[PDB]
>>> print(open('work34.txt').read())   # compact mmCIF, C-alpha atoms
# COMPACT_ATOMS: atom_id res chain seq x y z
CA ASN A 3 31.50 -85.45 57.69
CA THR A 4 34.47 -83.52 59.13
CA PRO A 5 34.80 -82.65 62.85
CA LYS A 6 33.48 -79.19 61.94
CA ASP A 7 30.47 -80.70 60.13
CA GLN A 8 29.45 -82.54 63.29
CA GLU A 9 30.06 -79.66 65.71
CA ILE A 10 28.10 -77.14 63.62
CA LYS A 11 25.19 -79.52 63.03
CA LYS A 12 25.00 -80.06 66.79
CA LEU A 13 25.00 -76.32 67.55
CA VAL A 14 22.27 -75.67 64.99
CA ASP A 15 20.21 -78.63 66.23
CA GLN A 16 20.56 -77.28 69.77
CA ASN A 17 19.56 -73.68 69.09
CA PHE A 18 17.44 -73.45 65.92
CA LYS A 19 15.70 -76.82 65.61
CA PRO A 20 13.55 -76.33 68.79
CA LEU A 21 12.03 -73.18 67.24
CA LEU A 22 10.13 -75.39 64.77
CA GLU A 23 7.87 -76.99 67.38
CA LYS A 24 7.84 -73.89 69.58
CA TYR A 25 6.32 -71.72 66.84
CA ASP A 26 4.73 -74.38 64.57
CA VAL A 27 7.02 -73.50 61.66
CA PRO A 28 6.71 -75.98 58.74
CA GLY A 29 10.22 -75.60 57.29
CA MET A 30 13.61 -74.05 57.94
CA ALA A 31 17.03 -73.76 56.31
CA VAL A 32 20.02 -72.69 58.43
CA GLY A 33 23.54 -72.27 57.07
CA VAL A 34 26.97 -71.25 58.29
CA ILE A 35 29.84 -70.07 56.09
CA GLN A 36 33.33 -70.12 57.60
CA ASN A 37 36.69 -69.78 55.85
CA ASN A 38 35.09 -70.45 52.43
CA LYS A 39 33.31 -73.65 53.62
CA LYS A 40 29.51 -73.96 53.67
CA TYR A 41 27.52 -75.94 56.26
CA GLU A 42 23.84 -76.44 55.42
CA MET A 43 21.05 -77.77 57.66
CA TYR A 44 17.52 -78.43 56.37
CA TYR A 45 14.43 -79.24 58.47
CA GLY A 46 10.76 -79.83 57.81
CA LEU A 47 8.46 -79.09 54.90
CA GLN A 48 8.71 -76.67 51.99
CA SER A 49 4.99 -77.25 51.37
CA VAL A 50 2.71 -78.88 53.94
CA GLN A 51 -0.01 -79.76 51.43
CA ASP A 52 2.52 -81.36 49.05
CA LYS A 53 4.68 -83.02 51.77
CA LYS A 54 7.72 -81.62 49.94
CA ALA A 55 10.70 -81.46 52.31
CA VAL A 56 12.97 -78.40 52.54
CA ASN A 57 16.20 -79.01 50.60
CA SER A 58 19.13 -77.21 48.96
CA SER A 59 16.86 -76.20 46.03
CA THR A 60 14.09 -74.72 48.20
CA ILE A 61 13.40 -71.08 47.31
CA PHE A 62 12.28 -68.90 50.27
CA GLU A 63 10.88 -65.38 50.38
CA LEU A 64 13.48 -63.07 51.89
CA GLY A 65 11.14 -60.35 53.12
CA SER A 66 12.99 -57.24 54.33
CA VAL A 67 16.37 -58.93 53.71
CA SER A 68 15.59 -58.09 50.06
CA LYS A 69 16.79 -54.56 50.90
CA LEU A 70 20.37 -55.87 51.02
CA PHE A 71 20.14 -56.54 47.28
CA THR A 72 18.62 -53.10 46.64
CA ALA A 73 21.59 -51.69 48.58
CA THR A 74 24.08 -53.67 46.53
CA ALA A 75 22.42 -52.51 43.29
CA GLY A 76 22.71 -48.92 44.50
CA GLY A 77 26.36 -49.37 45.43
CA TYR A 78 26.86 -50.81 41.94
CA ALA A 79 25.16 -47.92 40.15
CA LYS A 80 27.08 -45.35 42.20
CA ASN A 81 30.48 -46.95 41.60
CA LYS A 82 29.78 -47.08 37.86
CA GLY A 83 28.94 -43.36 37.84
CA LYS A 84 25.25 -43.93 36.95
CA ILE A 85 24.16 -42.07 40.12
CA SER A 86 25.69 -39.95 42.84
CA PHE A 87 24.31 -40.30 46.36
CA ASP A 88 24.06 -36.47 46.42
CA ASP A 89 21.59 -36.56 43.48
CA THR A 90 17.86 -36.07 44.03
CA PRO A 91 15.14 -38.39 42.62
CA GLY A 92 13.78 -35.92 40.01
CA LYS A 93 17.07 -36.13 38.12
CA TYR A 94 15.97 -39.64 37.06
CA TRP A 95 12.18 -39.80 37.59
CA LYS A 96 11.43 -36.62 35.67
CA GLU A 97 7.86 -36.23 36.94
CA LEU A 98 9.28 -35.55 40.42
CA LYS A 99 11.20 -32.47 39.25
CA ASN A 100 10.26 -29.24 41.06
CA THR A 101 8.36 -31.10 43.78
CA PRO A 102 9.31 -31.15 47.49
CA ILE A 103 10.53 -34.77 47.42
CA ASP A 104 13.19 -33.61 44.94
CA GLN A 105 14.85 -31.90 47.93
CA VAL A 106 15.76 -35.30 49.49
CA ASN A 107 18.90 -36.98 48.16
CA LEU A 108 19.39 -40.65 47.27
CA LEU A 109 21.48 -41.63 50.31
CA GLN A 110 18.79 -40.14 52.56
CA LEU A 111 16.14 -42.22 50.78
CA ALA A 112 18.27 -45.37 51.01
CA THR A 113 18.90 -44.83 54.75
CA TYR A 114 15.37 -43.73 55.78
CA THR A 115 16.01 -40.07 56.72
CA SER A 116 13.59 -38.15 54.46
CA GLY A 117 11.79 -36.92 57.59
CA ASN A 118 8.29 -37.86 56.42
CA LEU A 119 8.03 -41.49 55.22
CA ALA A 120 6.50 -44.20 57.39
CA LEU A 121 6.90 -47.98 57.41
CA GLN A 122 4.29 -48.49 54.66
CA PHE A 123 2.50 -46.47 52.00
CA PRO A 124 -0.95 -45.25 53.04
CA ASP A 125 -3.59 -47.95 52.53
CA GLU A 126 -5.11 -46.03 49.60
CA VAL A 127 -1.85 -46.16 47.57
CA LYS A 128 -2.26 -49.40 45.63
CA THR A 129 -1.12 -48.88 42.00
CA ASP A 130 1.99 -47.57 40.24
CA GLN A 131 0.06 -44.44 39.17
CA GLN A 132 -0.98 -43.75 42.76
CA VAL A 133 2.64 -44.11 43.97
CA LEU A 134 3.75 -41.38 41.59
CA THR A 135 0.86 -39.17 42.71
CA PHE A 136 1.82 -39.93 46.33
CA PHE A 137 5.40 -38.75 45.78
CA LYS A 138 4.37 -35.66 43.77
CA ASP A 139 2.03 -34.61 46.61
CA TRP A 140 4.61 -35.34 49.36
CA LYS A 141 5.71 -32.55 51.72
CA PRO A 142 8.54 -32.75 54.27
CA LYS A 143 8.00 -32.71 58.04
CA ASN A 144 11.12 -33.34 60.15
CA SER A 145 14.39 -31.71 59.05
CA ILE A 146 15.54 -33.66 55.99
CA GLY A 147 18.39 -36.02 56.86
CA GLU A 148 18.16 -35.72 60.65
CA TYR A 149 15.74 -38.52 61.72
CA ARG A 150 15.64 -42.24 60.89
CA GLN A 151 12.28 -43.91 60.37
CA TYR A 152 12.42 -47.40 58.85
CA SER A 153 10.37 -47.17 55.68
CA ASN A 154 9.49 -49.37 52.70
CA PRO A 155 8.38 -46.38 50.55
CA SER A 156 11.76 -44.71 51.21
CA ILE A 157 13.94 -47.54 49.93
CA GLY A 158 11.42 -48.40 47.20
CA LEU A 159 11.88 -44.93 45.68
CA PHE A 160 15.66 -45.37 45.99
CA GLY A 161 15.42 -48.67 44.11
CA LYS A 162 13.18 -47.21 41.40
CA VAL A 163 15.76 -44.42 40.85
CA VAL A 164 18.63 -46.94 40.71
CA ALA A 165 16.78 -48.85 37.99
CA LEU A 166 16.02 -45.68 36.02
CA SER A 167 19.70 -44.75 36.17
CA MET A 168 20.62 -48.11 34.61
CA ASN A 169 17.83 -47.97 31.95
CA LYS A 170 16.28 -51.30 33.05
CA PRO A 171 13.31 -52.27 35.23
CA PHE A 172 14.35 -53.07 38.79
CA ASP A 173 13.66 -56.81 38.39
CA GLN A 174 16.12 -56.86 35.49
CA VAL A 175 18.73 -54.91 37.46
CA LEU A 176 18.80 -57.80 39.93
CA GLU A 177 18.21 -60.76 37.61
CA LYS A 178 20.48 -59.66 34.74
CA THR A 179 23.21 -57.61 36.47
CA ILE A 180 23.49 -58.01 40.26
CA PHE A 181 22.62 -61.69 40.78
CA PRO A 182 24.98 -62.95 38.02
CA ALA A 183 27.77 -60.66 39.27
CA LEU A 184 27.42 -62.33 42.69
CA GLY A 185 27.32 -65.85 41.27
CA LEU A 186 23.74 -66.50 42.40
CA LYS A 187 21.90 -68.95 40.16
CA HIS A 188 18.58 -69.49 42.00
CA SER A 189 17.72 -66.02 43.32
CA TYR A 190 14.75 -64.20 41.81
CA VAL A 191 12.36 -61.32 41.85
CA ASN A 192 9.98 -63.39 39.67
CA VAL A 193 10.26 -67.16 40.16
CA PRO A 194 10.17 -68.89 36.73
CA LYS A 195 7.64 -71.63 36.05
CA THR A 196 10.42 -74.23 35.85
CA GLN A 197 11.14 -73.42 39.53
CA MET A 198 7.59 -73.28 40.97
CA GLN A 199 7.93 -76.76 42.49
CA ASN A 200 10.92 -75.42 44.51
CA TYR A 201 9.17 -72.25 45.73
CA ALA A 202 8.20 -72.56 49.40
CA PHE A 203 4.73 -71.47 50.47
CA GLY A 204 4.58 -68.83 53.18
CA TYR A 205 2.30 -69.67 56.11
CA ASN A 206 0.32 -67.11 58.12
CA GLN A 207 -0.45 -67.23 61.84
CA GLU A 208 -3.36 -69.59 61.08
CA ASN A 209 -0.92 -71.88 59.19
CA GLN A 210 -2.55 -71.36 55.79
CA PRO A 211 -0.44 -71.10 52.60
CA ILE A 212 -0.23 -67.55 51.26
CA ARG A 213 1.31 -66.15 48.06
CA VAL A 214 0.95 -62.57 46.80
CA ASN A 215 2.55 -60.43 44.12
CA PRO A 216 4.27 -57.28 45.41
CA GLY A 217 2.57 -53.96 45.82
CA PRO A 218 3.71 -50.90 43.91
CA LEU A 219 7.45 -50.27 44.42
CA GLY A 220 7.43 -53.40 46.57
CA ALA A 221 10.23 -55.37 44.91
CA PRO A 222 13.14 -53.19 46.23
CA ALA A 223 11.69 -53.47 49.78
CA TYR A 224 10.68 -57.15 50.08
CA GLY A 225 10.58 -58.75 46.62
CA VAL A 226 13.55 -61.17 46.49
CA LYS A 227 13.42 -64.97 46.90
CA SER A 228 16.51 -67.16 47.25
CA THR A 229 17.89 -70.56 48.29
CA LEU A 230 20.18 -71.28 51.25
CA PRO A 231 23.24 -72.07 49.05
CA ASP A 232 22.76 -68.75 47.21
CA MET A 233 22.42 -66.79 50.45
CA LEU A 234 25.61 -68.40 51.81
CA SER A 235 27.39 -67.29 48.62
CA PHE A 236 26.06 -63.77 49.18
CA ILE A 237 27.47 -63.77 52.72
CA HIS A 238 30.79 -65.05 51.35
CA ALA A 239 30.90 -62.11 48.93
CA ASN A 240 30.32 -59.74 51.86
CA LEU A 241 33.05 -61.48 53.90
CA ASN A 242 35.60 -61.47 51.04
CA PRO A 243 34.69 -58.78 48.48
CA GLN A 244 38.33 -58.56 47.34
CA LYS A 245 37.92 -61.96 45.65
CA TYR A 246 35.21 -60.60 43.27
CA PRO A 247 35.65 -58.46 40.13
CA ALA A 248 35.95 -54.74 40.66
CA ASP A 249 32.44 -53.56 39.73
CA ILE A 250 30.68 -55.86 42.21
CA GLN A 251 33.54 -55.64 44.75
CA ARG A 252 33.11 -51.86 44.87
CA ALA A 253 29.34 -52.26 45.16
CA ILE A 254 29.66 -54.62 48.14
CA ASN A 255 32.15 -52.40 49.99
CA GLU A 256 29.78 -49.46 49.46
CA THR A 257 27.15 -51.32 51.50
CA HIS A 258 29.58 -51.67 54.43
CA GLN A 259 30.32 -47.99 55.12
CA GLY A 260 28.51 -46.58 58.15
CA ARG A 261 26.48 -43.50 57.19
CA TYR A 262 25.29 -42.28 60.63
CA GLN A 263 24.81 -43.59 64.16
CA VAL A 264 21.74 -44.24 66.31
CA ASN A 265 22.90 -45.21 69.83
CA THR A 266 24.90 -48.44 69.43
CA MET A 267 23.79 -49.08 65.82
CA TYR A 268 25.43 -47.67 62.69
CA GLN A 269 23.24 -47.52 59.58
CA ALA A 270 24.97 -48.64 56.39
CA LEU A 271 23.32 -49.21 52.99
CA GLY A 272 20.89 -52.00 53.81
CA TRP A 273 23.08 -53.53 56.52
CA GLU A 274 22.88 -52.54 60.17
CA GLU A 275 26.37 -52.30 61.66
CA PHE A 276 27.86 -52.78 65.13
CA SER A 277 31.20 -52.61 66.88
CA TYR A 278 32.51 -56.17 67.31
CA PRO A 279 32.00 -57.86 69.71
CA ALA A 280 28.39 -56.75 70.12
CA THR A 281 26.68 -57.78 73.33
CA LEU A 282 23.43 -59.70 73.00
CA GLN A 283 21.57 -56.65 74.36
CA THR A 284 23.07 -54.37 71.69
CA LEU A 285 21.87 -56.75 68.96
CA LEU A 286 18.43 -57.11 70.56
CA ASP A 287 18.07 -53.33 70.93
CA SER A 288 18.57 -52.78 67.19
CA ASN A 289 15.20 -54.56 66.83
CA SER A 290 13.38 -52.74 69.62
CA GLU A 291 9.98 -51.26 68.87
CA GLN A 292 11.59 -47.84 69.37
CA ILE A 293 14.15 -48.39 66.60
CA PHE A 294 11.80 -50.30 64.28
CA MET A 295 8.77 -47.98 64.38
CA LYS A 296 9.68 -44.52 65.75
CA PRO A 297 11.69 -41.58 64.36
CA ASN A 298 15.12 -41.45 65.98
CA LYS A 299 17.61 -38.58 65.78
CA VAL A 300 20.78 -39.57 63.90
CA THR A 301 24.31 -38.40 64.73
CA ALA A 302 27.20 -38.00 62.30
CA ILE A 303 29.95 -40.59 62.64
CA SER A 304 33.25 -39.43 64.13
CA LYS A 305 35.23 -42.45 62.97
CA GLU A 306 33.82 -45.85 62.06
CA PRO A 307 34.37 -48.62 64.64
CA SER A 308 37.67 -50.39 64.07
CA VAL A 309 36.22 -53.93 64.08
CA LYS A 310 32.70 -54.45 62.81
CA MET A 311 29.89 -56.92 62.40
CA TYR A 312 26.71 -56.64 60.36
CA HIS A 313 23.21 -58.11 60.35
CA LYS A 314 19.73 -57.73 58.89
CA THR A 315 16.35 -59.09 59.97
CA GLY A 316 13.75 -60.07 57.39
CA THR A 317 10.65 -59.43 59.51
CA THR A 318 7.51 -59.03 57.35
CA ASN A 319 5.29 -62.10 57.66
CA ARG A 320 4.85 -65.52 56.00
CA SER A 321 8.63 -65.85 56.37
CA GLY A 322 11.47 -65.37 58.80
CA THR A 323 14.92 -64.41 57.55
CA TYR A 324 18.05 -63.49 59.44
CA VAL A 325 21.59 -62.91 58.16
CA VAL A 326 24.73 -61.90 60.08
CA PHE A 327 28.45 -61.80 59.39
CA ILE A 328 31.70 -60.95 61.21
CA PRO A 329 34.69 -60.13 58.95
CA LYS A 330 37.22 -60.48 61.81
CA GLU A 331 36.11 -64.10 62.31
CA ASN A 332 35.57 -64.95 58.61
CA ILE A 333 32.17 -66.33 59.54
CA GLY A 334 28.50 -65.70 58.87
CA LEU A 335 25.09 -67.28 59.29
CA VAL A 336 21.78 -67.38 57.35
CA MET A 337 18.35 -68.48 58.62
CA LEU A 338 15.38 -68.91 56.26
CA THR A 339 11.89 -70.12 57.26
CA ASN A 340 8.42 -70.21 55.70
CA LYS A 341 6.69 -68.85 58.82
CA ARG A 342 7.30 -65.84 61.06
CA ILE A 343 9.47 -66.32 64.17
CA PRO A 344 10.04 -63.46 66.68
CA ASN A 345 13.16 -61.51 65.69
CA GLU A 346 14.32 -61.85 69.30
CA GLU A 347 14.48 -65.63 68.84
CA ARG A 348 16.43 -65.41 65.58
CA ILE A 349 19.05 -63.10 67.11
CA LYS A 350 19.45 -65.21 70.27
CA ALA A 351 19.84 -68.48 68.36
CA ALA A 352 22.40 -67.03 65.94
CA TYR A 353 24.31 -65.40 68.81
CA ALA A 354 24.61 -68.72 70.62
CA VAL A 355 25.78 -70.58 67.51
CA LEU A 356 28.32 -67.97 66.45
CA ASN A 357 29.73 -67.57 69.96
CA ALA A 358 30.34 -71.32 70.21
CA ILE A 359 31.91 -72.11 66.84
CA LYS A 360 35.60 -72.91 67.22
CA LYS A 361 37.89 -70.94 64.92
>>> encode(input="work34.txt", output="structure tokens")
Amino acid sequence: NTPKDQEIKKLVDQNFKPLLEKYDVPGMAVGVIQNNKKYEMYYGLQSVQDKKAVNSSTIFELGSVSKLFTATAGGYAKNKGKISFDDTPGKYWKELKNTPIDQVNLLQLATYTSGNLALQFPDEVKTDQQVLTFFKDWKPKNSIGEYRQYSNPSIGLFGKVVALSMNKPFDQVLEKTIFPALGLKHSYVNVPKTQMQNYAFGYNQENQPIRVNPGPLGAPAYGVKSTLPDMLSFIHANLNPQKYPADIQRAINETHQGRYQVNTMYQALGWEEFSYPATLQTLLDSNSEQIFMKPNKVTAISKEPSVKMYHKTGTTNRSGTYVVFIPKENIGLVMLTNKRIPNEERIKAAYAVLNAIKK
């Protein structure tokens, strides 16, 4: 183990490992990628009932971090000419033609500015048929494009349209096109039976194992599962897109462009973006209740910040996910767990590790 191996292990042991006992989390995988070198730390149990330890093959649910793959698929479709972000959803989902939702464009769906879509579908919307009925009956409220409200229905519709534009179901868009283009070999929307023994159980607040299939249009919002080595490769592709072939390189760069600004945060496709260096308070504020749950007025970007960093939290439940990268520093970090941990704690631990790593 190199001098870097030891230093990084120590930093991760100092800042992430205590979270396991503090929040009774069965298992965790934490990785750092720096200058094309991976550093992987595994702790605890993949499955409590099986006494299977977390390892490099463990597959974790990504939760909301799944949206980063929806974003990449959309950047891919757009740069192949299959969609334009100025298109509306009825161009592709023909039953939405001549309905009010066909007045919202795809970029506005992908970046949560339709003006009338909340965090979740209404409780009564449970089947694919009911989702279509929901969108046909939809009416706008706030001026389209002017207010951000984080929303699983919003990006789910975006992902459904992306799949329609590529003439494949969304699961196939990821498993047959996007994941292979990124070199990921153990990332899934549907975990195959030959991998079930590697699939971590999620654990609720009562520490019981929980597994559920997605709701309607759920896969683009929270439906991806992946390993720590695969997620480090994904961060590498975001740090060095120029090393990848053009179609996926263009897709990745598309997810890095700021689309509008809310206070100190810039919304890109999937990724949240910040001027580097971002103070700890700026990163914490991006996960305030105000930003997460309320409608916030957006402002057009004058010019993008000159030096940037990017992160995404994978809230949900039965899992904790956090990913962050800094192009200037050629470094990034991934945290995966099989139990929820307060976002505040994920951000603080990653901030301390990244601020201490020697160049």
>>> closest_atom_pairs(input="work34.txt", of="segment 124-239 of chain A", to="segment 104-108 of chain A", cutoff="12 Å", atoms="only C-alpha atoms", output="tab-separated table")
residue	atom	partner	partner_atom	distance
A:137	CA	A:104	CA	9.4
A:138	CA	A:104	CA	9.1
A:139	CA	A:104	CA	11.3
A:140	CA	A:104	CA	9.8
A:141	CA	A:105	CA	9.9
A:142	CA	A:105	CA	9.0
A:143	CA	A:106	CA	11.8
A:144	CA	A:106	CA	11.8
A:145	CA	A:106	CA	10.3
A:146	CA	A:106	CA	6.7
A:147	CA	A:106	CA	7.9
A:148	CA	A:106	CA	11.4
A:156	CA	A:108	CA	9.5
A:157	CA	A:108	CA	9.2
A:158	CA	A:108	CA	11.1
A:159	CA	A:108	CA	8.8
A:160	CA	A:108	CA	6.2
A:161	CA	A:108	CA	9.5
A:162	CA	A:108	CA	10.8
A:163	CA	A:108	CA	8.3
A:164	CA	A:108	CA	9.1
A:167	CA	A:108	CA	11.8
>>> atom_distance(input="work34.txt", atom1="atom CA of residue 212 of chain A", atom2="atom CA of residue 112 of chain A")
28.9 Å
>>> residues_around(input="work34.txt", residues="residue 300 of chain A", least_positions_apart="6", cutoff="9 Å", atoms="all atoms listed in the file", output="PDB file with C-alpha atoms, keeping the file's coordinate frame")
ATOM      1  CA  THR A 115      16.010 -40.070  56.720  1.00  0.00           C
ATOM      2  CA  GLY A 147      18.390 -36.020  56.860  1.00  0.00           C
ATOM      3  CA  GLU A 148      18.160 -35.720  60.650  1.00  0.00           C
ATOM      4  CA  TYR A 149      15.740 -38.520  61.720  1.00  0.00           C
ATOM      5  CA  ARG A 150      15.640 -42.240  60.890  1.00  0.00           C
ATOM      6  CA  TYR A 262      25.290 -42.280  60.630  1.00  0.00           C
ATOM      7  CA  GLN A 263      24.810 -43.590  64.160  1.00  0.00           C
ATOM      8  CA  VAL A 264      21.740 -44.240  66.310  1.00  0.00           C
ATOM      9  CA  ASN A 265      22.900 -45.210  69.830  1.00  0.00           C
TER      10      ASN A 265
END
>>> residues_around(input="work34.txt", residues="residue 294 of chain A", least_positions_apart="3", cutoff="9 Å", atoms="only C-alpha atoms", output="PyMOL selection string")
chain A and resi 121+151-152+288-291+297
>>> write_last_selection(input="work34.txt", atoms="C-alpha atoms", output="PDB file, keeping the file's coordinate frame")
ATOM      1  CA  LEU A 121       6.900 -47.980  57.410  1.00  0.00           C
ATOM      2  CA  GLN A 151      12.280 -43.910  60.370  1.00  0.00           C
ATOM      3  CA  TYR A 152      12.420 -47.400  58.850  1.00  0.00           C
ATOM      4  CA  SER A 288      18.570 -52.780  67.190  1.00  0.00           C
ATOM      5  CA  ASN A 289      15.200 -54.560  66.830  1.00  0.00           C
ATOM      6  CA  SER A 290      13.380 -52.740  69.620  1.00  0.00           C
ATOM      7  CA  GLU A 291       9.980 -51.260  68.870  1.00  0.00           C
ATOM      8  CA  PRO A 297      11.690 -41.580  64.360  1.00  0.00           C
TER       9      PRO A 297
END
>>> closest_residue(input="work34.txt", among="A:25, A:62, A:41, A:123", to="residue 9 of chain A", atoms="all atoms listed in the file")
A:41
>>> closest_residue(input="work34.txt", among="A:23, A:88, A:274, A:208", to="residue 314 of chain A", atoms="all atoms listed in the file")
A:274
>>> closest_atom_pairs(input="work34.txt", of="segment 56-145 of chain A", to="segment 182-199 of chain A", cutoff="9 Å", atoms="only C-alpha atoms", output="JSON lines")
{"residue": "A:59", "atom": "CA", "partner": "A:188", "partner_atom": "CA", "distance": 8.0}
{"residue": "A:60", "atom": "CA", "partner": "A:199", "partner_atom": "CA", "distance": 8.6}
{"residue": "A:61", "atom": "CA", "partner": "A:188", "partner_atom": "CA", "distance": 7.6}
>>> closest_residue(input="work34.txt", among="A:277, A:319, A:86, A:332", to="residue 360 of chain A", atoms="only C-alpha atoms")
A:332
>>> closest_residue(input="work34.txt", among="A:4, A:315, A:281, A:242", to="residue 333 of chain A", atoms="all atoms listed in the file")
A:242
>>> residues_around(input="work34.txt", residues="residue 279 of chain A", least_positions_apart="2", cutoff="12 Å", atoms="all atoms listed in the file", output="short mmCIF file (atom, residue, chain, number, x, y, z; two decimals) with C-alpha atoms, in the coordinates of the input")
data_model
loop_
_atom_site.label_atom_id
_atom_site.label_comp_id
_atom_site.auth_asym_id
_atom_site.auth_seq_id
_atom_site.Cartn_x
_atom_site.Cartn_y
_atom_site.Cartn_z
CA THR A 266 24.90 -48.44 69.43
CA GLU A 275 26.37 -52.30 61.66
CA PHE A 276 27.86 -52.78 65.13
CA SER A 277 31.20 -52.61 66.88
CA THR A 281 26.68 -57.78 73.33
CA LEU A 282 23.43 -59.70 73.00
CA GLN A 283 21.57 -56.65 74.36
CA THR A 284 23.07 -54.37 71.69
CA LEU A 285 21.87 -56.75 68.96
CA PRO A 307 34.37 -48.62 64.64
CA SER A 308 37.67 -50.39 64.07
CA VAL A 309 36.22 -53.93 64.08
CA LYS A 310 32.70 -54.45 62.81
CA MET A 311 29.89 -56.92 62.40
CA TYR A 312 26.71 -56.64 60.36
CA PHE A 327 28.45 -61.80 59.39
CA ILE A 328 31.70 -60.95 61.21
CA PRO A 329 34.69 -60.13 58.95
CA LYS A 330 37.22 -60.48 61.81
CA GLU A 331 36.11 -64.10 62.31
CA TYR A 353 24.31 -65.40 68.81
CA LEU A 356 28.32 -67.97 66.45
CA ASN A 357 29.73 -67.57 69.96
#
>>> atom_distance(input="work34.txt", atom1="atom CA of residue 347 of chain A", atom2="atom CA of residue 335 of chain A")
14.4 Å
>>> closest_residue(input="work34.txt", among="A:171, A:344, A:322, A:272", to="residue 74 of chain A", atoms="all atoms listed in the file")
A:272
>>> closest_residue(input="work34.txt", among="A:68, A:37, A:251, A:100", to="residue 317 of chain A", atoms="all atoms listed in the file")
A:68
>>> closest_atom_pairs(input="work34.txt", of="segment 5-106 of chain A", to="segment 230-233 of chain A", cutoff="10 Å", atoms="only C-alpha atoms", output="JSON lines")
{"residue": "A:30", "atom": "CA", "partner": "A:230", "partner_atom": "CA", "distance": 9.8}
{"residue": "A:31", "atom": "CA", "partner": "A:230", "partner_atom": "CA", "distance": 6.5}
{"residue": "A:32", "atom": "CA", "partner": "A:230", "partner_atom": "CA", "distance": 7.3}
{"residue": "A:33", "atom": "CA", "partner": "A:230", "partner_atom": "CA", "distance": 6.8}
{"residue": "A:34", "atom": "CA", "partner": "A:230", "partner_atom": "CA", "distance": 9.8}
{"residue": "A:35", "atom": "CA", "partner": "A:231", "partner_atom": "CA", "distance": 9.9}
{"residue": "A:40", "atom": "CA", "partner": "A:231", "partner_atom": "CA", "distance": 8.0}
{"residue": "A:41", "atom": "CA", "partner": "A:231", "partner_atom": "CA", "distance": 9.2}
{"residue": "A:42", "atom": "CA", "partner": "A:230", "partner_atom": "CA", "distance": 7.6}
{"residue": "A:43", "atom": "CA", "partner": "A:230", "partner_atom": "CA", "distance": 9.2}
{"residue": "A:44", "atom": "CA", "partner": "A:230", "partner_atom": "CA", "distance": 9.2}
{"residue": "A:57", "atom": "CA", "partner": "A:230", "partner_atom": "CA", "distance": 8.7}
{"residue": "A:58", "atom": "CA", "partner": "A:230", "partner_atom": "CA", "distance": 6.4}
{"residue": "A:59", "atom": "CA", "partner": "A:230", "partner_atom": "CA", "distance": 7.9}
{"residue": "A:60", "atom": "CA", "partner": "A:230", "partner_atom": "CA", "distance": 7.6}
{"residue": "A:61", "atom": "CA", "partner": "A:230", "partner_atom": "CA", "distance": 7.8}
{"residue": "A:62", "atom": "CA", "partner": "A:230", "partner_atom": "CA", "distance": 8.3}
{"residue": "A:64", "atom": "CA", "partner": "A:233", "partner_atom": "CA", "distance": 9.8}
>>> write_last_selection(input="work34.txt", atoms="C-alpha atoms", output="short mmCIF file (atom, residue, chain, number, x, y, z; two decimals), keeping the file's coordinate frame")
data_model
loop_
_atom_site.label_atom_id
_atom_site.label_comp_id
_atom_site.auth_asym_id
_atom_site.auth_seq_id
_atom_site.Cartn_x
_atom_site.Cartn_y
_atom_site.Cartn_z
CA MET A 30 13.61 -74.05 57.94
CA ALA A 31 17.03 -73.76 56.31
CA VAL A 32 20.02 -72.69 58.43
CA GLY A 33 23.54 -72.27 57.07
CA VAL A 34 26.97 -71.25 58.29
CA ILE A 35 29.84 -70.07 56.09
CA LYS A 40 29.51 -73.96 53.67
CA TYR A 41 27.52 -75.94 56.26
CA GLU A 42 23.84 -76.44 55.42
CA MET A 43 21.05 -77.77 57.66
CA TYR A 44 17.52 -78.43 56.37
CA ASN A 57 16.20 -79.01 50.60
CA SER A 58 19.13 -77.21 48.96
CA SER A 59 16.86 -76.20 46.03
CA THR A 60 14.09 -74.72 48.20
CA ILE A 61 13.40 -71.08 47.31
CA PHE A 62 12.28 -68.90 50.27
CA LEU A 64 13.48 -63.07 51.89
#
>>> atom_distance(input="work34.txt", atom1="atom CA of residue 234 of chain A", atom2="atom CA of residue 338 of chain A")
11.2 Å
>>> residues_around(input="work34.txt", residues="residue 154 of chain A", least_positions_apart="4", cutoff="9 Å", atoms="all atoms listed in the file", output="list in words")
residues 66, 114, 119, 120, 121, 122, 123, 158, 159, 219, 220, 222, 223 and 224 of chain A
